[PDB]
Structures are given as structure tokens and as C-alpha cells.
Amino acid sequence: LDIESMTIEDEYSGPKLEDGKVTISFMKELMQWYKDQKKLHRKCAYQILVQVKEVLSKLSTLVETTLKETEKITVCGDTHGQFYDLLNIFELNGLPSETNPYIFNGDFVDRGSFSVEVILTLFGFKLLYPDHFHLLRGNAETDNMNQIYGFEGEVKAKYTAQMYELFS
Amino acid sequence: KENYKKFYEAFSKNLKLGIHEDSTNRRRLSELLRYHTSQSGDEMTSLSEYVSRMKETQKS
Ligand SMILES: [Mn+2]
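Visitor: Just give me the short version of the overall build of chain A, but keep the residues and values in it.
Guide: Counting its secondary structure elements, chain A contains seven helices and three strands. Put simply, chain A runs from its N terminus to its C terminus through helices and strands in the order α-α-β-α-β-α-β-α-α-α. Dimensions along the principal axes, computed over C-alpha positions, put chain A at roughly 50 × 35 × 30 Å. Every one of the 168 residues in chain A was classed for burial, and the buried ones make up 41%. Counted over contacts in chain A with a minimum sequence separation of 6, partners at least 24 positions apart contribute 77%.

Visitor: Summarise the coordination of the manganese ion; cite the residues concerned and give the values.
Guide: All names here are of chain A. Those protein atoms acting as donors to the manganese ion are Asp 78 (OD), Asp 107 (OD) and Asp 110 (OD), and they sit at 2.0 Å. Taken in sequence order, the residues that donate to the manganese ion follow the motif D-x28-D-x2-D. Linking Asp 78 in the loop between β1 (75-76) and α3 (84-92) with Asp 110 in the loop between β2 (103-104) and α4 (115-128), this pair joins segments that are 32 residues apart in sequence. Classification of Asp 110 as buried rests on a relative accessible area of 13%.

Visitor: Kindly report on the nonpolar core, identifying the contributing residues and their values.
Guide: Residue and element names in this part refer to chain A. If you look at the biggest cluster of nonpolar residues, it comprises 43 residues, and the most contacted ones within it are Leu 40, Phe 83, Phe 90, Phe 104, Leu 122, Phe 133 and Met 163. Those elements that provide at least two residues to this core are α1 (24-35), α2 (42-56), α3, α4, α6 (151-158) and α7 (162-167). In terms of residue count, the dominant contributor to this core is α4 (eight residues). Setting aside its immediate chain neighbours within four residues, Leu 40 contacts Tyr 12, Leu 17, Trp 33, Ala 45, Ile 48, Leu 120 and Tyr 159.

Visitor: Account for the environment of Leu 17 of chain A, naming residues and giving values.
Guide: Residues and elements named next belong to chain A. Checked against the element boundaries, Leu 17 lands in the segment before α1. Placed 115 residues apart in sequence, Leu 17 and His 132 show a C-alpha to C-alpha distance of 21 Å. The residues touching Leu 17, leaving out its near neighbours within four places in the chain, are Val 22, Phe 26, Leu 40 and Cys 44.

Visitor: Can you explain the sheet that holds strand β3 (residues 134-135) of chain A? Please cite residues and give values.
Guide: Residue and element names in this part refer to chain A. Here we have three strands laid out as an open sheet, ordered β1-β2-β3, and parallel in their pairing. One side of each edge strand has no neighbouring strand; the edge strands of this open sheet are β1 and β3. Here two bridges tie β1 to β2, and the two strands are oriented parallel to one another. Bridge pairing links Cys 76 to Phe 104 in β2.

Visitor: Summarise the packing of aromatic side chains; cite the residues concerned and give the values.
Guide: All names here are of chain A. Applying the stated criterion to the full structure yields 14 aromatic pairs over all chains. With 4.9 Å between their ring centres and 85 degrees between their planes, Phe 26 and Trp 33 make a pair best called edge-to-face. The class of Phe 26 is buried, set by a relative accessible area of 3%. Feature note: the residues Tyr 34, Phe 83, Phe 90, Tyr 102, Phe 104, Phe 125 and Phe 133 constitute an aromatic cluster, connected by ring pairs.

Visitor: Which residues make up α3 of chain A, and what values do they have?
Guide: Residues and elements named next belong to chain A. Among the residues making up α3, those that are buried are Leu 86, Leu 87 and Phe 90. Take α3 and look down its axis: the buried residues cluster within an arc of 110 degrees, on one side only. Residues of α3 that are exposed and point over 90 degrees away from its buried face: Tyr 84 and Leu 92. Just beyond α3, the residue with positive phi is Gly 94, at close to 100 degrees.

Visitor: Kindly report on the pattern of salt bridges, identifying the contributing residues and their values.
Guide: Residues and elements named next belong to chain A. A full pass over the atoms with the stated rule returns seven salt bridges over all chains. For the salt bridge of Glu 54 with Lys 58, the shortest nitrogen-to-oxygen distance reads 2.8 Å. Classification of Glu 54 by relative accessible area gives partly exposed; the value is 35%. With relative accessibility at 61%, the residue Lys 58 sits in the exposed group.

What counts as what
- Residues numbered from 1 in each chain as written, not as in the entry; some residues may be left out.
- Chains lettered and ligands numbered in written order.
- Part of a larger assembly, values for the part shown.
- Heavy atoms only, no water.
- Helix = DSSP H or I, 4+ residues; strand = E, 2+ residues; numbered from the N terminus.
- Buried < 20%, exposed > 50% of the residue type's maximum accessible area, 1.4 Å probe, protein only.
- Contact = heavy atoms within 4.5 Å.
- Donors = N, O, S within 2.8 Å, 3.2 Å for Na, K, Ca; no water.
- Core = buried A, V, L, I, M, F, W, Y, C linked by side-chain atoms within 4.5 Å.
- Pairing = 2+ DSSP bridges.
- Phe/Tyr/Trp six-rings, centres within 6.5 Å; stacked < 30°, edge-to-face > 60°.
- Arc of directions from axis to C-beta.
- Salt bridge = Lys/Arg side-chain N within 4 Å of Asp/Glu carboxyl O.

As C-alpha cells, then:
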């Protein structure tokens with residue numbers, strides 16, 4: 001239970017993110033930490049990755065959803081690990097709240113540029129609005145390409161290799 | 001912290017060799033060593049941190 005080994009730092013001045021759903025207020029702050037090229041603390045990052053595993057591993061391998069006649073869904077495609085585009089759509093088409101039940105067709109580690117930060121925010125939003133926010137796997141997405149496009153190196157640069165095992 | 005990490009990974013063998021052979025600078029070289037421990041997980045510690053975390057009953 002590496003999360004309960006403490007070793008907290010808050011060099012980022014980061015709020016504690018609990019095992020309960022991440023507050024929107026921080027998520028807005030996290031988007032600002034991307035406007036400012038700033039990163040999460042490790043115990044919070046480990047704790048969200050644990051929770052993300054626990055929810056995602058139970059979701060059906062084909063996702064089934066009924067869209068009511070009066071309801072509208074915004075559908076999204078390849079992002080190549082740049083958050084700037086989703087930054088804007090969230091701000092433009094409404095933040096990905098229950099009123100913006102987005103579906104994202106994967107391809108986030110498709111390339112590395114802000115890609116850790118991309119999945120790190122998407123995985124934040126997925127905990128707060130799991131019913132509305134839906135993530136698929138992309139087609140450029142396996143260890144084979146996590147290596148070719150240096151995402152494995154981003155992880156190994158920012159964190160010790162066990163972090164890459166958890167992300168896997 | 002990050003430039004040291006890169007350095008250490010590349011040249012930790014040389015520092016460790018220096019402890020072995022250099023009888024005068026062991027005192028300074030030892031503070032450059034970094035190790036994984038049972039209470040640092042996937043991070044590494046200086047020996048000086050090991051010490052600051054020692055219990056009052058530990059004498060070694
Ligand atoms: Mn793709």
C-alpha cells in the first residue's frame with residue numbers, strides 16, 4: 001500500500017485528493033497546472049491510478065448506453081496526447097459534467113507530448129462523472145508504441161519504473 | 001534532484017569504486033550515495049536521511 005507509506009511533499013502546493021471523487025475545483029486547477037506545465041504529487045497520482053483500475057476493470061468490454069430523445073452526446077476522436085484541444089472543447093461545448101456526457105474514441109498515448117497529463121486529467125474526470133464520461137482504447141495504443149513515441153520515457157523520467165507497471 | 005538522478009544512474013559505479021579505493025575522500029563520497037530502502041519504496045535515500053529517520057533505540 002505505497003499510498004499509505006506517506007512521504008507526502010506538496011511542492012506543488014497540491015490539495016489532498018481523497019479516495020472519494022476528485023473535486024471539480026481541483027480538476028479546474030489541474031487544467032491550470034497544464035497552462036503552467038505543472039504536475040501531480042506521487043501519492044495522489046498512485047491513489048487515483050488504484051481507483052481508476054478498480055472502476056474500469058468492471059465496466060463491460062462493449063459499453064452499452066441509452067440516449068433519450070431529448071438528450072445529446074458529444075463524441076470525440078484521436079487526441080495524440082495533446083490536452084490543448086480537449087482543454088478547449090471542455091471549455092467550449094461545456095465542461096465534461098453530467099450535462100456533457102462525452103464519449104472519447106481513445107488514442108491519448110498515440111503520441112507522448114502532454115499524454116501523461118492527458119490521461120491523468122481524463123482519469124480524474126472519469127471518477128467524478130463515470131456515467132457520462134466514456135473512454136475507449138485507441139488503435140495506436142500498446143507498449144510497442146508507448147516505447148516508439150517515448151511515453152515510457154516520460155513516465156521513467158517523471159517517476160520510478162513501478163509507476164509504468166501501474167499505468168500498464 | 002533530477003539532474004542528480006540522471007548523473008547517479010550513469011555513474012554510481014564510479015562513486016562506489018571511489019569509496020573503495022580513495023582513503024581520504026570516503027568522508028565526502030559517502031554522502032553522494034543513494035539507496036533504495038524498505039521505507040522509501042520505489043524512491044532512494046541518502047544515508048543521512050536514513051539517519052534522520054532513526055528511532056532513538058537504533059544504534060546502527
Ligand atoms: Mn490514433
